[PDB]
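J.: Shown below is the structure under consideration.
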Amino acid sequence: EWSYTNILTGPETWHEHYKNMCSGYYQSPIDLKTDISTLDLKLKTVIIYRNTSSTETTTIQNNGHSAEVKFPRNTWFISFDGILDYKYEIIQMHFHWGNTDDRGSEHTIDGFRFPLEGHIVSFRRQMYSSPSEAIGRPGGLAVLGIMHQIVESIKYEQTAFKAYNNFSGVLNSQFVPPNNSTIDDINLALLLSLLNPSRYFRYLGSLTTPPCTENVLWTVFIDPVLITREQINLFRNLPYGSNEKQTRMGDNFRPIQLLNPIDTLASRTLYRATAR
Amino acid sequence: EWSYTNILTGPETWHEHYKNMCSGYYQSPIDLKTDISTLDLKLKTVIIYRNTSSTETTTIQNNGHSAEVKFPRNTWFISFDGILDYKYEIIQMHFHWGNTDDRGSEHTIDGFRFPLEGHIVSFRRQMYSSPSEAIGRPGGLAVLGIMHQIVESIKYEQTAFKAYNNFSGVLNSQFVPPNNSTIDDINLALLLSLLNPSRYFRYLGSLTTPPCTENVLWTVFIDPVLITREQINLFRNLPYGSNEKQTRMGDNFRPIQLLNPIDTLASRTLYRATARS
Ligand SMILES: NS(=O)(=O)c1ccc(CCNC(=S)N2CC(=O)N3CCc4ccccc4[C@H]3C2)cc1
Ligand SMILES: NS(=O)(=O)c1ccc(CCNC(=S)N2CC(=O)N3CCc4ccccc4[C@H]3C2)cc1
Ligand SMILES: *[C@@H]1O[C@H](CO)[C@@H](O)[C@H](O)[C@H]1NC(C)=O
Ligand SMILES: *[C@@H]1O[C@H](CO)[C@@H](O)[C@H](O)[C@H]1NC(C)=O
Ligand SMILES: [Zn+2]
Ligand SMILES: [Zn+2]
């Protein structure tokens, strides 16, 4: 009972249909404002790393609202502190994009929309033993936002689609909800190497789909990875679920939320990080 | 005399006109081959840092072959080891570009040319007390190569030209050689933050202009910084010097050299770096 493009179930209705927590005042996405952010030199380079003993397969699903890569358990990790001790475990990666190249991202940077934003979703394994235990609990989640920008001149091997192994060619008009397919694994360490993993915005916010749970540690990298126009078009061939009005999947992004709506009882701060 | 576009003085002649050292077997630029390169996990993230006590002015000149930013002494530094103890001191930054958007860089990455390559030139202050001591001596220099790529959709603030402060507007048809102008300082730390400073090729090579001295420790970052078509055409507004056949400055790049020409007496290796995973 939610959508992006059906005005009966669309993002303007979520605050009424999912008051816990889409009516809250720690919502995502936000406009990432360079001038109205606080630099915190203690925020360290982000590392993504794999358990080389893991052999289980990766899948991708058209879930009717996005293309969602589902990682197997105990395989991909994030470190924010330079220690490789499995504090954050990656669950899934999904995508938000536009009907057109001038929009698509959930977050903006100084009001600018990117054509594609990837969300790498992890749970705080340091505290919570499973995703199902973490997803609804305080401080459960950490999401990385990866901006993508379109370029006319580039070798395949230097695009984000190299790190995605082209989603093993699975993206087409017949990849219909709720189908999933097995795909070659995503090299998330290569993906992170395509941008500056020290240069990012950081804040406490929410899931950007219902029920908009206010338990997400957000990190949004300022530098985009690079893709081609042919590559963004592979996402736009996907069909939306039947609860949507638009036929082809696109404009699957939530509208911008305020950092501090007027009813907040404790203001949050937007932080930024850069290298030593 | 040398040039890029006069066939009498152009790059195919340098090996004869400047045999010391344009006839050498450790020449630059090279094709940076991802597959035929040795990953060395010991090569650390590059840092660029400023002496915040320096107040001296930056200038830029059209030297007849490039646009060259001349930094004041004791101002901008490179660290390859995480220590901020002034081992490498930056002297200047210049640029290589194309008549068209599909060429211009001196290095290639797996055969691919970028529209614009910037060269941040430093000397090994750790060993040599001045640029003029280091520039002609063994192991004297370290150059950073910064690839740039054109995007259609971007804010000024996320382009390389934010770090450059648009070179204070000096890139135009009236910026004739050998004119120099005072410019706002270049934020080289911001520039480096626009790419991944842990992801680079590394090798021992040469200056890419005569006399091609084989005393350069090369670092070429794999990820490009971003510019617009409007910004690349600003460089194309500069006039070449009177040594050149072409009027407008462009195609001011040296042809690709082999890592190991047939006559080499000791093969060099191309190294690659990536972030502590
Ligand atoms: N757009 S975003 O990045 O803000 C974002 C929005 C919304 C979500 C949805 C989170 N749900 C997700 S990621 N779910 C649902 C679930 O109940 N379980 C619990 C069961 C289970 C078991 C193994 C592995 C995974 C799971 C997750 C999957 C995640 C991320
Ligand atoms: N294309 S490249 O990156 O391989 C490359 C090619 C050629 C060079 C030019 C080297 N010359 C350069 S960088 N010169 C010449 C000189 O007489 N002195 C000595 C005096 C002096 C004093 C202060 C500050 C600078 C200097 C340099 C400037 C540098 C770099
Ligand atoms: C990527 O996948 C698409 C199908 O989604 C295919 O048409 C395209 O050629 C693929 N490109 C590769 C493997 O480079
Ligand atoms: C920093 O600048 C000051 C004054 O400009 C100078 O005296 C000092 O030597 C510089 N530091 C270094 C390490 O070069
Ligand atoms: Zn998302
Ligand atoms: Zn140069």
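Chains: A, B, ... in order of the structure tokens. Residues: from 1 per chain. Ligands: from 1, in order shown.
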Need the shell around segment 187-197 of chain B: protein/DNA/RNA residues with any atom at most 10 Å away, counting only C-alpha atoms. Skip same-chain ones fewer than 5 positions apart. Format as a VMD selection string?
T.: (chain A and resid 192 to 199 222 to 225 274 to 276) or (chain B and resid 44 to 50 76 to 78 93 120 146 to 148 158 to 165 220 to 226 273 to 275)
J.: Using the selection just defined, write its residues with N, CA and C atoms as a compact mmCIF listing (two decimals), in the first residue's frame.
T.:
```
# COMPACT_ATOMS: atom_id res chain seq x y z
N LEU A 192 33.95 1.38 -4.32
CA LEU A 192 34.39 2.45 -3.40
C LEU A 192 35.68 3.11 -3.92
N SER A 193 36.55 2.37 -4.59
CA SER A 193 37.84 2.88 -5.10
C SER A 193 37.60 3.89 -6.23
N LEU A 194 36.41 3.90 -6.84
CA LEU A 194 36.03 4.80 -7.97
C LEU A 194 35.71 6.22 -7.47
N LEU A 195 35.59 6.41 -6.16
CA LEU A 195 35.39 7.76 -5.58
C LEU A 195 36.37 7.94 -4.41
N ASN A 196 36.29 9.07 -3.72
CA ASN A 196 37.11 9.35 -2.53
C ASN A 196 36.36 8.93 -1.27
N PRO A 197 36.78 7.84 -0.62
CA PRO A 197 36.02 7.25 0.48
C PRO A 197 36.25 8.01 1.80
N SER A 198 37.04 9.10 1.78
CA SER A 198 37.28 10.01 2.95
C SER A 198 36.36 11.24 2.92
N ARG A 199 35.70 11.51 1.80
CA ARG A 199 35.01 12.79 1.54
C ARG A 199 33.48 12.55 1.48
N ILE A 222 30.60 12.52 -1.48
CA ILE A 222 30.41 13.78 -2.25
C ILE A 222 30.82 13.57 -3.71
N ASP A 223 31.85 12.78 -3.96
CA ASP A 223 32.33 12.56 -5.34
C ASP A 223 31.51 11.46 -5.98
N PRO A 224 30.96 11.67 -7.20
CA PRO A 224 30.23 10.60 -7.89
C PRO A 224 31.17 9.59 -8.57
N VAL A 225 30.69 8.36 -8.66
CA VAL A 225 31.25 7.34 -9.62
C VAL A 225 30.64 7.61 -10.99
N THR A 274 36.58 14.93 5.59
CA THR A 274 37.58 14.97 4.48
C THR A 274 38.91 14.36 4.97
N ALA A 275 39.87 14.20 4.07
CA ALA A 275 41.07 13.38 4.40
C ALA A 275 41.99 14.20 5.30
N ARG A 276 42.77 13.48 6.13
CA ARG A 276 43.98 13.98 6.84
C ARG A 276 44.88 14.69 5.82
N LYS B 44 51.29 4.11 -0.22
CA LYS B 44 50.31 4.70 0.73
C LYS B 44 49.51 5.77 0.00
N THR B 45 48.47 6.25 0.68
CA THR B 45 47.64 7.35 0.15
C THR B 45 48.52 8.60 -0.01
N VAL B 46 48.34 9.31 -1.11
CA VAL B 46 49.04 10.58 -1.31
C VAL B 46 48.33 11.72 -0.54
N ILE B 47 49.11 12.55 0.14
CA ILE B 47 48.63 13.79 0.82
C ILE B 47 49.26 15.02 0.18
N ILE B 48 48.44 16.04 -0.06
CA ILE B 48 48.95 17.38 -0.45
C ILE B 48 48.58 18.35 0.66
N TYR B 49 49.53 19.13 1.09
CA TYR B 49 49.34 19.98 2.29
C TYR B 49 50.06 21.28 2.10
N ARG B 50 49.51 22.29 2.80
CA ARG B 50 49.98 23.68 2.69
C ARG B 50 50.66 24.14 3.99
N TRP B 76 53.44 24.64 -0.82
CA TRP B 76 52.67 23.41 -1.06
C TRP B 76 53.66 22.23 -1.12
N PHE B 77 53.24 21.15 -0.49
CA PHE B 77 54.02 19.92 -0.25
C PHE B 77 53.21 18.68 -0.62
N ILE B 78 53.97 17.59 -0.86
CA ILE B 78 53.43 16.23 -1.02
C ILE B 78 54.09 15.38 0.07
N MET B 93 52.45 23.73 -11.62
CA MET B 93 51.43 22.83 -12.20
C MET B 93 51.15 23.27 -13.64
N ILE B 120 51.37 18.13 -11.49
CA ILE B 120 51.85 18.83 -10.27
C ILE B 120 53.33 18.42 -10.07
N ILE B 146 47.07 14.15 -12.91
CA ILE B 146 45.62 14.30 -12.60
C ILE B 146 44.86 14.33 -13.92
N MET B 147 44.11 13.28 -14.18
CA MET B 147 43.26 13.15 -15.37
C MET B 147 41.98 13.93 -15.08
N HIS B 148 41.46 14.56 -16.11
CA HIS B 148 40.16 15.26 -16.06
C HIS B 148 39.24 14.68 -17.13
N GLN B 158 31.65 21.52 -7.78
CA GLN B 158 32.14 20.11 -7.77
C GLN B 158 33.10 19.85 -8.94
N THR B 159 33.38 20.86 -9.77
CA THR B 159 34.36 20.75 -10.88
C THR B 159 35.75 21.03 -10.32
N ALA B 160 36.77 20.60 -11.04
CA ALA B 160 38.17 20.95 -10.74
C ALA B 160 38.35 22.47 -10.73
N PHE B 161 37.60 23.23 -11.54
CA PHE B 161 37.80 24.70 -11.63
C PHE B 161 37.47 25.41 -10.31
N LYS B 162 36.66 24.82 -9.45
CA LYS B 162 36.52 25.33 -8.05
C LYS B 162 37.89 25.31 -7.36
N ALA B 163 38.60 24.18 -7.36
CA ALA B 163 39.96 24.13 -6.78
C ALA B 163 40.88 25.17 -7.46
N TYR B 164 40.76 25.35 -8.76
CA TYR B 164 41.63 26.24 -9.57
C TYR B 164 41.19 27.71 -9.42
N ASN B 165 40.04 27.98 -8.81
CA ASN B 165 39.42 29.34 -8.81
C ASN B 165 39.34 29.92 -10.23
N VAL B 220 50.32 8.54 -11.18
CA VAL B 220 49.17 8.97 -12.03
C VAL B 220 47.91 8.40 -11.40
N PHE B 221 47.01 9.27 -10.93
CA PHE B 221 45.74 8.81 -10.31
C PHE B 221 44.82 8.21 -11.35
N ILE B 222 44.15 7.11 -11.01
CA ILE B 222 43.31 6.38 -11.99
C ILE B 222 41.94 7.05 -12.18
N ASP B 223 41.38 7.57 -11.10
CA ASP B 223 40.05 8.24 -11.15
C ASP B 223 40.22 9.66 -11.61
N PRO B 224 39.43 10.13 -12.61
CA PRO B 224 39.54 11.52 -13.03
C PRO B 224 38.72 12.47 -12.18
N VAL B 225 39.18 13.72 -12.12
CA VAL B 225 38.37 14.86 -11.61
C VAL B 225 37.49 15.31 -12.78
N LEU B 226 36.49 16.13 -12.50
CA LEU B 226 35.44 16.43 -13.50
C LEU B 226 35.49 17.90 -13.91
N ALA B 273 48.76 1.11 -6.95
CA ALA B 273 48.37 1.24 -5.52
C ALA B 273 46.84 1.17 -5.42
N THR B 274 46.34 0.68 -4.28
CA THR B 274 44.88 0.79 -3.94
C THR B 274 44.76 0.85 -2.41
N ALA B 275 43.60 1.30 -1.93
CA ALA B 275 43.39 1.63 -0.50
C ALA B 275 43.47 0.33 0.28
```
J.: Counting only C-alpha atoms and all ligand atoms, which residues in chain A sit no more than 7 Å from ligand 3? For each one, give the nearest pair of atoms and the distance in Å, sorted by chain then residue number, as a tab-separated table.
T.:
```
residue	atom	partner	partner_atom_place_in_ligand_line	distance
A:156	CA	ligand 3	14 (O)	6.9
A:166	CA	ligand 3	1 (C)	4.8
A:167	CA	ligand 3	2 (O)	6.8
A:168	CA	ligand 3	2 (O)	6.5
A:169	CA	ligand 3	2 (O)	3.4
A:170	CA	ligand 3	5 (O)	5.0
A:171	CA	ligand 3	5 (O)	3.9
A:172	CA	ligand 3	5 (O)	5.3
A:234	CA	ligand 3	5 (O)	5.6
```
J.: Would you mind exporting N, CA, C and O atoms of the selected residues as a PDB file, in the first residue's frame?
T.:
```pdb
ATOM      1  N   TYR A 156      34.495   0.914 -20.323  1.00  0.00           N
ATOM      2  CA  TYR A 156      33.621   0.069 -19.475  1.00  0.00           C
ATOM      3  C   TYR A 156      34.287  -0.184 -18.121  1.00  0.00           C
ATOM      4  O   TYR A 156      33.625  -0.087 -17.085  1.00  0.00           O
ATOM      5  N   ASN A 166      28.066  -5.658 -14.575  1.00  0.00           N
ATOM      6  CA  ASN A 166      26.928  -5.378 -15.471  1.00  0.00           C
ATOM      7  C   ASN A 166      25.628  -6.016 -14.950  1.00  0.00           C
ATOM      8  O   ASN A 166      24.684  -6.149 -15.764  1.00  0.00           O
ATOM      9  N   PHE A 167      25.532  -6.347 -13.658  1.00  0.00           N
ATOM     10  CA  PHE A 167      24.384  -7.081 -13.058  1.00  0.00           C
ATOM     11  C   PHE A 167      24.160  -8.387 -13.866  1.00  0.00           C
ATOM     12  O   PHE A 167      22.995  -8.837 -13.984  1.00  0.00           O
ATOM     13  N   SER A 168      25.250  -8.965 -14.394  1.00  0.00           N
ATOM     14  CA  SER A 168      25.283 -10.233 -15.184  1.00  0.00           C
ATOM     15  C   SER A 168      24.252 -10.208 -16.327  1.00  0.00           C
ATOM     16  O   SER A 168      23.696 -11.272 -16.672  1.00  0.00           O
ATOM     17  N   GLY A 169      23.994  -9.035 -16.886  1.00  0.00           N
ATOM     18  CA  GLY A 169      23.131  -8.826 -18.060  1.00  0.00           C
ATOM     19  C   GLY A 169      21.662  -9.024 -17.746  1.00  0.00           C
ATOM     20  O   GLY A 169      20.869  -9.133 -18.667  1.00  0.00           O
ATOM     21  N   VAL A 170      21.279  -9.003 -16.476  1.00  0.00           N
ATOM     22  CA  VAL A 170      19.928  -9.421 -16.027  1.00  0.00           C
ATOM     23  C   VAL A 170      18.888  -8.308 -16.231  1.00  0.00           C
ATOM     24  O   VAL A 170      17.687  -8.639 -16.355  1.00  0.00           O
ATOM     25  N   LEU A 171      19.298  -7.048 -16.299  1.00  0.00           N
ATOM     26  CA  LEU A 171      18.354  -5.911 -16.427  1.00  0.00           C
ATOM     27  C   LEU A 171      17.713  -5.854 -17.832  1.00  0.00           C
ATOM     28  O   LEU A 171      18.410  -5.455 -18.789  1.00  0.00           O
ATOM     29  N   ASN A 172      16.407  -6.114 -17.941  1.00  0.00           N
ATOM     30  CA  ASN A 172      15.650  -5.946 -19.220  1.00  0.00           C
ATOM     31  C   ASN A 172      14.154  -5.786 -18.908  1.00  0.00           C
ATOM     32  O   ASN A 172      13.793  -5.912 -17.734  1.00  0.00           O
ATOM     33  N   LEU A 234      19.541   0.985 -18.850  1.00  0.00           N
ATOM     34  CA  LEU A 234      19.266  -0.411 -18.484  1.00  0.00           C
ATOM     35  C   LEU A 234      18.310  -0.457 -17.291  1.00  0.00           C
ATOM     36  O   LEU A 234      17.475  -1.369 -17.262  1.00  0.00           O
TER      37      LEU A 234
END
```
J.: Residues of chain B that have any atom at most 7 Å from an atom of ligand 2: could you tabulate them with the shortest-distance atom pair and the distance in Å to one decimal, using only C-alpha atoms and all ligand atoms, ordered by chain and increasing number, as JSON lines?
T.:
```
{"residue": "B:73", "atom": "CA", "partner": "ligand 2", "partner_atom_place_in_ligand_line": "23 (C)", "distance": 6.7}
{"residue": "B:91", "atom": "CA", "partner": "ligand 2", "partner_atom_place_in_ligand_line": "24 (C)", "distance": 5.5}
{"residue": "B:92", "atom": "CA", "partner": "ligand 2", "partner_atom_place_in_ligand_line": "13 (S)", "distance": 6.1}
{"residue": "B:119", "atom": "CA", "partner": "ligand 2", "partner_atom_place_in_ligand_line": "3 (O)", "distance": 4.9}
{"residue": "B:120", "atom": "CA", "partner": "ligand 2", "partner_atom_place_in_ligand_line": "3 (O)", "distance": 7.0}
{"residue": "B:121", "atom": "CA", "partner": "ligand 2", "partner_atom_place_in_ligand_line": "30 (C)", "distance": 5.8}
{"residue": "B:131", "atom": "CA", "partner": "ligand 2", "partner_atom_place_in_ligand_line": "21 (C)", "distance": 5.2}
{"residue": "B:132", "atom": "CA", "partner": "ligand 2", "partner_atom_place_in_ligand_line": "19 (C)", "distance": 3.8}
{"residue": "B:135", "atom": "CA", "partner": "ligand 2", "partner_atom_place_in_ligand_line": "10 (C)", "distance": 6.4}
{"residue": "B:143", "atom": "CA", "partner": "ligand 2", "partner_atom_place_in_ligand_line": "3 (O)", "distance": 6.1}
{"residue": "B:206", "atom": "CA", "partner": "ligand 2", "partner_atom_place_in_ligand_line": "4 (O)", "distance": 6.2}
{"residue": "B:207", "atom": "CA", "partner": "ligand 2", "partner_atom_place_in_ligand_line": "4 (O)", "distance": 3.3}
{"residue": "B:208", "atom": "CA", "partner": "ligand 2", "partner_atom_place_in_ligand_line": "4 (O)", "distance": 3.8}
{"residue": "B:209", "atom": "CA", "partner": "ligand 2", "partner_atom_place_in_ligand_line": "6 (C)", "distance": 4.8}
```
J.: Output N, CA and C atoms for every residue in that selection, as a PDB file, in the first residue's frame.
T.:
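Listed below is the output, selection.pdb:
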```
ATOM      1  N   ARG B  73      57.807  29.346  -3.294  1.00  0.00           N
ATOM      2  CA  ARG B  73      58.622  28.413  -2.457  1.00  0.00           C
ATOM      3  C   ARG B  73      57.969  28.183  -1.101  1.00  0.00           C
ATOM      4  N   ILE B  91      56.481  22.918  -7.014  1.00  0.00           N
ATOM      5  CA  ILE B  91      57.080  24.049  -7.761  1.00  0.00           C
ATOM      6  C   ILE B  91      56.038  24.644  -8.691  1.00  0.00           C
ATOM      7  N   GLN B  92      55.382  23.807  -9.470  1.00  0.00           N
ATOM      8  CA  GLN B  92      54.465  24.341 -10.493  1.00  0.00           C
ATOM      9  C   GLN B  92      53.466  23.288 -10.898  1.00  0.00           C
ATOM     10  N   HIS B 119      49.775  18.209 -14.427  1.00  0.00           N
ATOM     11  CA  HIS B 119      51.063  17.748 -13.859  1.00  0.00           C
ATOM     12  C   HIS B 119      51.461  18.661 -12.717  1.00  0.00           C
ATOM     13  N   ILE B 120      51.367  18.134 -11.489  1.00  0.00           N
ATOM     14  CA  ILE B 120      51.854  18.830 -10.275  1.00  0.00           C
ATOM     15  C   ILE B 120      53.326  18.418 -10.071  1.00  0.00           C
ATOM     16  N   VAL B 121      54.235  19.370 -10.258  1.00  0.00           N
ATOM     17  CA  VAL B 121      55.697  19.110 -10.262  1.00  0.00           C
ATOM     18  C   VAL B 121      56.276  19.455  -8.890  1.00  0.00           C
ATOM     19  N   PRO B 131      64.815  23.875  -6.057  1.00  0.00           N
ATOM     20  CA  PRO B 131      64.362  23.354  -7.334  1.00  0.00           C
ATOM     21  C   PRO B 131      65.493  23.309  -8.357  1.00  0.00           C
ATOM     22  N   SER B 132      66.343  24.347  -8.407  1.00  0.00           N
ATOM     23  CA  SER B 132      67.383  24.402  -9.462  1.00  0.00           C
ATOM     24  C   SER B 132      68.451  23.341  -9.171  1.00  0.00           C
ATOM     25  N   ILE B 135      66.302  19.820 -10.277  1.00  0.00           N
ATOM     26  CA  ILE B 135      65.640  19.642 -11.590  1.00  0.00           C
ATOM     27  C   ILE B 135      66.542  18.847 -12.557  1.00  0.00           C
ATOM     28  N   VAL B 143      56.345  13.905  -9.881  1.00  0.00           N
ATOM     29  CA  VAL B 143      55.196  14.561 -10.564  1.00  0.00           C
ATOM     30  C   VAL B 143      53.945  13.751 -10.301  1.00  0.00           C
ATOM     31  N   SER B 206      60.369  10.093 -16.785  1.00  0.00           N
ATOM     32  CA  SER B 206      61.077  11.281 -17.302  1.00  0.00           C
ATOM     33  C   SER B 206      60.174  12.501 -17.339  1.00  0.00           C
ATOM     34  N   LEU B 207      60.781  13.662 -17.523  1.00  0.00           N
ATOM     35  CA  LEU B 207      60.044  14.835 -18.004  1.00  0.00           C
ATOM     36  C   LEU B 207      59.453  14.497 -19.382  1.00  0.00           C
ATOM     37  N   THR B 208      58.297  15.066 -19.689  1.00  0.00           N
ATOM     38  CA  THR B 208      57.634  14.769 -20.997  1.00  0.00           C
ATOM     39  C   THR B 208      57.960  15.842 -22.026  1.00  0.00           C
ATOM     40  N   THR B 209      58.786  16.816 -21.683  1.00  0.00           N
ATOM     41  CA  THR B 209      59.267  17.849 -22.634  1.00  0.00           C
ATOM     42  C   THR B 209      60.778  17.861 -22.578  1.00  0.00           C
TER      43      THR B 209
END
```
J.: Around ligand 5, out to 12 Å and counting only C-alpha atoms and all ligand atoms, which residues are there? I want them as a PyMOL selection string.
T.: chain A and resi 28-29+65-69+92-97+104-107+116-122+142-147+206-210+212+216+218+220+252-254
J.: Could you work out how far atom 10 (C, counted along the ligand's line) of ligand 1 lies from atom CA of residue 149 of chain A, giving the answer in Å with one decimal?
T.: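 Spanning atom CA of residue 149 of chain A to atom 10 (C, counted along the ligand's line) of ligand 1 is a straight-line distance of 25.5 Å.
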J.: What's the separation between atom CA of residue 171 of chain B and atom CA of residue 104 of chain B, in Å to one decimal place?
T.: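 Answer for the atom CA of residue 171 of chain B to atom CA of residue 104 of chain B separation: 16.9 Å.
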J.: With only C-alpha atoms and all ligand atoms counted, collect every polymer residue having an atom within 12 Å of ligand 4; state the result as a list in words.
T.: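 After applying the 12 Å limit, what remains is residues 49, 50, 51, 52, 53, 54, 55, 56, 57, 72, 73, 74, 75, 76, 77, 78, 84, 85, 86, 87, 88, 89, 90, 125, 126, 129 and 130 of chain B.
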J.: Could you please take those selected residues and save C-alpha atoms as a tab-separated table (two decimals), in the first residue's frame?
T.:
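The resulting file, part_30.tsv, is shown below:
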```tsv
chain	number	residue	atom	x	y	z
B	49	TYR	CA	49.34	19.98	2.29
B	50	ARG	CA	49.98	23.68	2.69
B	51	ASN	CA	52.23	25.78	4.97
B	52	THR	CA	49.48	28.07	6.44
B	53	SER	CA	52.24	30.78	7.19
B	54	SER	CA	52.96	31.32	3.48
B	55	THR	CA	51.43	34.62	2.13
B	56	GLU	CA	53.29	34.81	-1.20
B	57	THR	CA	51.39	35.18	-4.49
B	72	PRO	CA	55.80	30.26	-4.35
B	73	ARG	CA	58.62	28.41	-2.46
B	74	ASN	CA	57.85	26.70	0.89
B	75	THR	CA	54.08	26.69	0.34
B	76	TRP	CA	52.67	23.41	-1.06
B	77	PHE	CA	54.02	19.92	-0.25
B	78	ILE	CA	53.43	16.23	-1.02
B	84	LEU	CA	54.03	16.14	7.10
B	85	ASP	CA	57.81	16.89	7.17
B	86	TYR	CA	58.26	18.62	3.77
B	87	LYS	CA	60.06	15.78	1.89
B	88	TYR	CA	58.54	16.90	-1.47
B	89	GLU	CA	57.92	20.58	-2.27
B	90	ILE	CA	55.60	21.62	-5.15
B	125	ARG	CA	63.51	18.64	-0.72
B	126	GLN	CA	64.47	15.70	1.55
B	129	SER	CA	67.81	22.28	-1.04
B	130	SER	CA	66.34	24.02	-4.16
```
J.: Record the distance separating atom CA of residue 32 of chain A and atom CA of residue 201 of chain A, expressed in Å with one decimal.
T.: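 Distance between the two atoms: 7.1 Å.
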J.: Write out as a short mmCIF file (atom, residue, chain, number, x, y, z; two decimals) with C-alpha atoms, in the first residue's frame each polymer residue whose atoms come within 10 Å of residue 215 of chain B, counting only C-alpha atoms; drop sequence neighbours fewer than 2 positions from it.
T.:
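Writing done, so here's around-v9.cif:
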```
data_model
loop_
_atom_site.label_atom_id
_atom_site.label_comp_id
_atom_site.auth_asym_id
_atom_site.auth_seq_id
_atom_site.Cartn_x
_atom_site.Cartn_y
_atom_site.Cartn_z
CA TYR B 26 63.05 5.36 -19.10
CA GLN B 27 60.87 7.89 -20.97
CA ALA B 134 66.96 19.02 -8.02
CA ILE B 135 65.64 19.64 -11.59
CA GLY B 136 68.77 18.21 -13.35
CA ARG B 137 70.01 15.67 -10.70
CA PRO B 138 69.24 11.97 -10.10
CA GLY B 139 66.01 11.24 -8.21
CA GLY B 140 65.30 15.04 -8.07
CA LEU B 141 61.60 15.20 -9.04
CA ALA B 142 58.19 13.71 -8.32
CA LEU B 204 60.16 5.74 -12.62
CA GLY B 205 60.27 7.92 -15.76
CA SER B 206 61.08 11.28 -17.30
CA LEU B 207 60.04 14.83 -18.00
CA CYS B 212 63.23 14.56 -21.03
CA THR B 213 65.41 14.12 -17.88
CA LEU B 217 59.02 9.55 -9.74
CA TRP B 218 55.60 9.37 -11.47
#
```
J.: Please provide as a ChimeraX atom specification all residues within 10 Å of segment 29-38 of chain B, with the sequence filter that same-chain residues fewer than 2 positions apart are discarded (counting only C-alpha atoms).
T.: /A:157 /B:26-27,40-41,105-113,200-203,205-208,218,220,222,253-260,269-273
J.: Do you know which residues are at most 9 Å from residue 6 of chain B counting only C-alpha atoms, after dropping those on the same chain fewer than 6 positions away, and could you put them as a PyMOL selection string?
T.: chain B and resi 243-246
J.: What would the file look like if the residues just selected were written as a PDB file, in the first residue's frame with N, CA, C and O atoms?
T.:
```pdb
ATOM      1  N   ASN B 243      57.078  29.233 -32.278  1.00  0.00           N
ATOM      2  CA  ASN B 243      57.794  27.980 -32.667  1.00  0.00           C
ATOM      3  C   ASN B 243      56.814  26.975 -33.306  1.00  0.00           C
ATOM      4  O   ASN B 243      57.264  25.995 -33.932  1.00  0.00           O
ATOM      5  N   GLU B 244      55.516  27.098 -33.006  1.00  0.00           N
ATOM      6  CA  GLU B 244      54.485  26.106 -33.407  1.00  0.00           C
ATOM      7  C   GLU B 244      53.930  26.454 -34.792  1.00  0.00           C
ATOM      8  O   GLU B 244      53.763  27.655 -35.021  1.00  0.00           O
ATOM      9  N   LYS B 245      53.537  25.441 -35.546  1.00  0.00           N
ATOM     10  CA  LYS B 245      52.732  25.539 -36.797  1.00  0.00           C
ATOM     11  C   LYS B 245      51.274  25.907 -36.469  1.00  0.00           C
ATOM     12  O   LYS B 245      50.761  26.870 -37.083  1.00  0.00           O
ATOM     13  N   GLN B 246      50.622  25.235 -35.504  1.00  0.00           N
ATOM     14  CA  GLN B 246      49.202  25.511 -35.115  1.00  0.00           C
ATOM     15  C   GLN B 246      49.133  26.851 -34.368  1.00  0.00           C
ATOM     16  O   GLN B 246      50.047  27.156 -33.571  1.00  0.00           O
TER      17      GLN B 246
END
```
J.: Using only C-alpha atoms and all ligand atoms, find the one residue out of A:55, A:158, A:219, A:153 that sits nearest to ligand 1.
T.: A:219
J.: Which neighbours of residue 77 of chain A fall inside 6 Å, counting only C-alpha atoms, when residues of the same chain fewer than 5 positions from it are skipped, and could you give them as number ranges by chain?
T.: A: 48-49, 86, 88-90
J.: Go through segment 18-206 of chain B and collect every residue that DSSP, computed from the backbone, puts in strand (DSSP E); the answer should be as JSON, numbers by chain.
T.: {"B": [31, 32, 38, 39, 47, 48, 49, 50, 58, 59, 60, 61, 62, 67, 68, 69, 70, 76, 77, 78, 79, 88, 89, 90, 91, 92, 93, 94, 95, 96, 97, 108, 109, 116, 117, 118, 119, 120, 121, 122, 123, 141, 142, 143, 144, 145, 146, 147, 148, 149, 150, 180, 181, 182, 183, 200, 201, 202, 203, 204, 205]}
J.: Which residue is closest to residue 116 of chain B? Choose from B:9, B:179, B:231, B:63 and count only C-alpha atoms.
T.: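 So, comparing all the options, the nearest one is B:231.
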